[PDB]
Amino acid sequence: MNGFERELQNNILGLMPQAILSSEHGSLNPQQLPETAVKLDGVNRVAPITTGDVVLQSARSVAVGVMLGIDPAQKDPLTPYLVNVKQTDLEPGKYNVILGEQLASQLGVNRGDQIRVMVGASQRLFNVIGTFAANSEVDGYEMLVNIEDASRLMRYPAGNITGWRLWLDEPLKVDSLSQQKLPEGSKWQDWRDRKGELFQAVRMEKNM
């Protein structure tokens, strides 16, 4: 089923980081490995990101999220799905957050509320300013924050980021693409880290 493949690509992989070029050791310093030095095969776009799993606590519930720390001035695949909120309200040092609609619902929060956002011992209160609604599973776990705020929560050195998010011409070929020559001291990680079972299903449907 190219049906299965098309759906996987458009409805899930289109709305999450397909791959990230990060540092071998710690966070990435974009002055040491700048965006212009990211020249990879099969990659059609590069953007900065700070990201990781976060534990979330509202007044009513708890959840695991995927924090997407973004430059609010760049269009994200989720930007067209924002509900009545401007991405540019994610100003650095405001600690605002835009939650997936379903994540927000499960936490029982509305805009104007705060939520506690935790990465191990590092914790910060973020201010819910809105939601996105893509009618995708990402609605249940992704959240958008300002990249600098996310880097602070992650305890990165000032100006550092997780790495360079990549968009791929053919995201189903991440196994081959991950073997290519990378900048020194960098490494490749991709969407298989989170959706491994769907990757295995793609392989299963092919071989039949």
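Quick note: we count residues from 1 along the sequence shown, nothing fancier.
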### Query
Mean CA B-factor: is it higher for 41 to 49 or for 141 to 149?
41 to 49
### Query
Comparing 93 to 101 with 70 to 78, which has the greater mean CA B-factor as deposited?
70 to 78
### Task
Would you mind ranking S178 by its C-alpha B-factor against the rest of the chain and naming the third, lowest, middle or highest?
middle
### Query
For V119, does the deposited CA B-factor place it in the lowest, middle or highest third of the chain?
highest
### Task
Could you tell me which third, lowest, middle or highest, the C-alpha B-factor of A158 occupies within its chain?
highest
### Chain third (lowest, middle, highest) by recorded CA B-factor, residue given as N135
highest
### Message
Ranking every modelled residue in this chain by its Cα temperature factor as given in the entry, which third contains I20?
### Response
lowest
